[PDB]
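# Topology and contacts: notes
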Amino acid sequence: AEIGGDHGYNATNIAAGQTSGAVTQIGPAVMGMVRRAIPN
Amino acid sequence: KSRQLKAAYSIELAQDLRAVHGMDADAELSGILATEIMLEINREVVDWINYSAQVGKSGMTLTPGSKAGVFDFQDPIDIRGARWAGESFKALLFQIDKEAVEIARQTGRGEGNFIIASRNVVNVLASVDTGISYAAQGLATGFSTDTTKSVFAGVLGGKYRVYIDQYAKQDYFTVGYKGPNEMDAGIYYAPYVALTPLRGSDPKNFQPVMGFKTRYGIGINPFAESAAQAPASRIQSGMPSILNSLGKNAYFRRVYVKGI
Amino acid sequence: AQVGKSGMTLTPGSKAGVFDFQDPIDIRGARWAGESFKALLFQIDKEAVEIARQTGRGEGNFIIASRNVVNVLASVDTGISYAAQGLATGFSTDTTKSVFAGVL
Amino acid sequence: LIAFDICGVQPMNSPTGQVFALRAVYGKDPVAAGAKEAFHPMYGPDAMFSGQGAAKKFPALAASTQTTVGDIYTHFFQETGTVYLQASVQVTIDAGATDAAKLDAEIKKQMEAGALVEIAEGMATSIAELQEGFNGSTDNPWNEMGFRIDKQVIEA
């Protein structure tokens, strides 16, 4: 069976677009961003 | 991460179900698998909250003379000198707010505004006037106390949204904060694939093939541990692990309860 | 009927199946009838929920009880308040005109 | 007298009839010792049944068991049912707990202690991707569910 594969939940490999299979990944895109709140 | 389940049923059994009860059993088996999956998802979220939640009645939230994490309604230190239930119950409400305050102390975004608790905890909350008064107790009216009409019991003081965990192992309650943005939750579920059906037959005996597959992923706000000015190497995973979040999530605290 | 005052509806210091109004655990430290009798109401609601749970259908919506239990319910304020005790006027305690006391 | 306010009746269609019951089940054997009811309200569900649960075998959480940090031990309580608990500490589970009630109590104590924590997760995509013998893989069945119907009968 052809395998896309996945990562090891390894942030480096994720960022790098790697795989356990044969797919070449583009890379993670976005989940937005956050910043610390200023107080008050 | 992903999930996979099958029905693996025989055709003769389905045929008998039609003959006896008017049932095809295809939709029925499919419904069961899908139901279980949805159930497993909702539990996973709840369990991660409890996994990652900090200990209530601890640190800044602990009166020095107590047990560091459990509220005993029969124990003078926890009940803050209270007499019987009409006073003892109020003492828990007090501790809850203290913890909600701690939530703001650590998240930087707001005070706890929602509770997940056992049915017994809610029965208590619903039995009293939660406002500021001389004493309180009677038959529960404040919240739904059941487990079959809803999961949402009601709101304490008009401030905290209280829900019931019918599968709590003994009795405990988690308090936490959810801000207006989804990213202000601390904890989040991020689905990608849901309930894709599979169908076929197996030539060995040509019996029916049926099942489902899914893929979602969950995560943790980058600042959720609230105890660091930097992550290692500027690169992390937002996924839970013991090291990443057990007992570290700023958005929630939980305690065990006794004496109810 | 299952034995009540049991399992997740029983506290560690109690007797499993009986509610004793002279027992400080059963009445949750209460003193004075206006505060003590009320403890039973608490116990009833706990068990009513256990019913919903066990059956997966709905909670208790009726009670059948000895005249003596009813007299206790009828004589106290079952609503949420500070304390209250008086004459047994909340529900019927009769036999002649009914079998139904009222709604708790 | 109280005629029926607190009782159903179902008098008859014909005398001495029967009632059927539909129980949702899982574990590949609907009628067996050890079989479990999928939606029984008194027991928790196996939150990882389709997920990481399916992906592996777990050590039982039982008396005398040595807890290994990071692994997951399993159980089933006398009430509240399914248990999957991740090991946070290197402890043992009361070797004297030969009484199932004692075992449940010890587990609860370890949970209170933070020693054991409720956990659920799915499986790695690649595990799932190659189930059912795909690409030469082995020992990779999907977990299964279904239902059974049973009954009881009366006389007057």
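Listed as the method for this PDB entry is cryo-EM; the listed resolution is 4.5 Å.

A few words on the overall build of chain B. Secondary structure assignment for chain B yields 5 helices and 12 strands. Across its three principal axes, chain B shows a C-alpha extent of roughly 70 × 55 × 30 Å. Taking the contacts inside chain B whose residues are at least 6 apart along the sequence as the reference set, 66% of them involve residues at least 24 apart. Here chain B holds 28 positive side-chain charges and 25 negative ones, and the gap between their average locations is 6 Å.

A few words on the interface of chain B and chain D. On the chain D side, the residues contacting the 37 residues of chain B number 47 residues. A combined buried area of about 3,800 Å² lies between chain B and chain D, and 62% of that area is made up of carbon and sulfur atoms. The largest share of the area that chain B buries against chain D comes from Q4(B), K6(B) and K169(B), three residues that together contribute 21% of it. Scanning the region where chain B abuts chain D turns up 3 salt bridges. With a shortest N-O distance of 2.6 Å, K1(B) and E121(D) are connected by a salt bridge.

This part takes up the interface of chain A and chain D. Where interface size is quoted, it is often the accessible area lost as the parts come together. The interface of chain A with chain D comprises 8 residues on the first partner and 8 residues on the second. Between chain A and chain D, roughly 560 Å² of surface is buried when both sides are summed, and carbon and sulfur atoms account for 49% of that area. Inspection of the chain A/chain D interface yields 0 salt bridges. Applying the counting criterion to the chain A and chain D interface returns 4 residue pairs in polar contact. Split by residue class, the side of chain A that touches chain D holds 3 nonpolar, 3 polar and 2 charged.

This brings us to the side chain of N221(B). Within the secondary structure layout, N221(B) lies in the loop between β11 (218-220) and α5 (242-245). A distance of 2.9 Å separates a polar side-chain atom of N221(B) from the backbone oxygen of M183(B). Sequence-distant contacts of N221(B), defined by excluding residues within four places in its chain, comprise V34(A), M183(B), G186(B), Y188(B) and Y251(B).

On the surface, a nonpolar cluster with roughly 690 Å² of combined accessible area is contributed by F62(C), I64(C), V99(C), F100(C), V103(C), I2(D) and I6(D). If you trace the backbone, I64(C) turns up in the loop between α2 (39-55) and α3 (67-74). According to the relative accessible area criterion, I64(C) is exposed, its value standing at 57%.

So, on to the pattern of salt bridges. Residue and element names in this part refer to chain B. Going through the model one piece at a time under the given rule, you end up with 21 salt bridges over all chains. Salt-bridge contacts for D47 lead to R43; the nearest nitrogen and oxygen are separated by 3.1 Å. Residue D47 and its partner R43 are both found in helix α2 (residues 26-52); the two are separated by 4 residues, about one turn of the helix. Overall, the relative accessible area of 8% leaves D47 in the buried class. The closest approach of N and O atoms between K57 and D78, which form a salt bridge, is 2.8 Å. A residue pair is termed long-range when its members are at least 10 positions apart, and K57 in the loop between β2 (53-55) and β3 (70-72) and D78 in the loop between β3 and α3 (85-107) qualify at 21 residues. Each member of the pair, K57 as well as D78, carries the same accessibility label: buried.

If you look at the biggest cluster of nonpolar residues, it comprises 38 residues, and the most contacted ones within it are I115(B), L125(B) and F173(B). Elements with a contribution of two residues or more to this core: α3, β4 (114-117), α4 (119-125), β5 (152-156), β6 (160-164), β7 (172-176) and β12 (249-258) of chain B together with α2 of chain C. The element best represented in this core is α3(B), accounting for 7 residues. For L125(B), the contacting residues outside a window of four places in its chain are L93(B), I96(B), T130(B), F143(B), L156(B) and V162(B). Counting 22 residues, the second-largest nonpolar core is a separate cluster that includes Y9(B), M23(B), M210(B) and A38(D).

Geometrically, a pair of aromatic rings is defined through the distance of the ring centres and the angle of the planes. For the structure shown, the criterion picks out 16 aromatic pairs over all chains. Look at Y43(D) and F76(D): their rings are 5.3 Å apart centre to centre, the planes differ by 25 degrees, and that puts the pair in the stacked class. Of this pair, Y43(D) sits in strand β3 (residues 43-44) while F76(D) sits in strand β4 (residues 72-76), placing them 33 residues apart in sequence. Among the residues examined, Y43(D) registers a relative accessible area of 27% and is labelled partly exposed. With relative accessibility at 30%, the residue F76(D) sits in the partly exposed group. Aromatic rings pair up to connect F71(B), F73(B), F89(B) and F42(C) into one cluster. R254(B) extends its terminal NZ or CZ atom over the ring of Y172(B), reaching a point 5.7 Å from the ring centre. The ring of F76(D) has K36(D) sitting right over it, with the charged end atom 5.1 Å from the ring centre.

Turning to the sheet that holds strand β7 (residues 143-153) of chain D, a few remarks are in order. In sheet architecture, strand pairing relies on hydrogen bonds along the backbone and comes in two forms, parallel and antiparallel. Pairing in this open sheet of 6 strands is mixed, and the strands run β9(B)-β10(B)-β1(B)-β7(D)-β1(D)-β2(D) from one edge to the other. Edge strands, defined here as strands with exactly one partner in the open sheet, are β9 (193-202) of chain B together with β2 (36-37) of chain D. Two elements, strand β1 (residues 18-26) of chain D and β2(D), share 2 bridges in a ladder whose sense is antiparallel. Its bridge partner lying in β2(D), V25(D) is registered against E37(D).

About the criteria used
- Residues numbered from 1 in each chain as written, not as in the entry; some residues may be left out.
- Chains lettered and ligands numbered in written order.
- Part of a larger assembly, values for the part shown.
- Heavy atoms only, no water.
- Helix = DSSP H or I, 4+ residues; strand = E, 2+ residues; numbered from the N terminus.
- Contact = heavy atoms within 4.5 Å.
- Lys, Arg positive; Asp, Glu negative; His and termini not counted.
- Charge placed at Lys NZ, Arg CZ, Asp CG, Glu CD.
- Buried area = accessible area lost by both parts, 1.4 Å probe.
- Salt bridge = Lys/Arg side-chain N within 4 Å of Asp/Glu carboxyl O.
- Polar contact = N/O pair within 3.5 Å; in protein donor to acceptor, adjacent residues only side chain to side chain.
- Nonpolar A, V, L, I, M, F, W, Y, C, P; charged D, E, K, R; others polar.
- Patch = residues over 30% accessible without salt bridge, like charges linked within 9 Å, V, L, I, M, F, W, Y side chains within 5 Å.
- Areas by Shrake-Rupley, 256 points an atom, 1.4 Å probe, with all protein chains shown as cover.
- Buried < 20%, exposed > 50% of the residue type's maximum accessible area, 1.4 Å probe, protein only.
- Core = buried A, V, L, I, M, F, W, Y, C linked by side-chain atoms within 4.5 Å.
- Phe/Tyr/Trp six-rings, centres within 6.5 Å; stacked < 30°, edge-to-face > 60°.
- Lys NZ or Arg CZ within 6 Å of the ring centre and 35° of its normal.
- Pairing = 2+ DSSP bridges.

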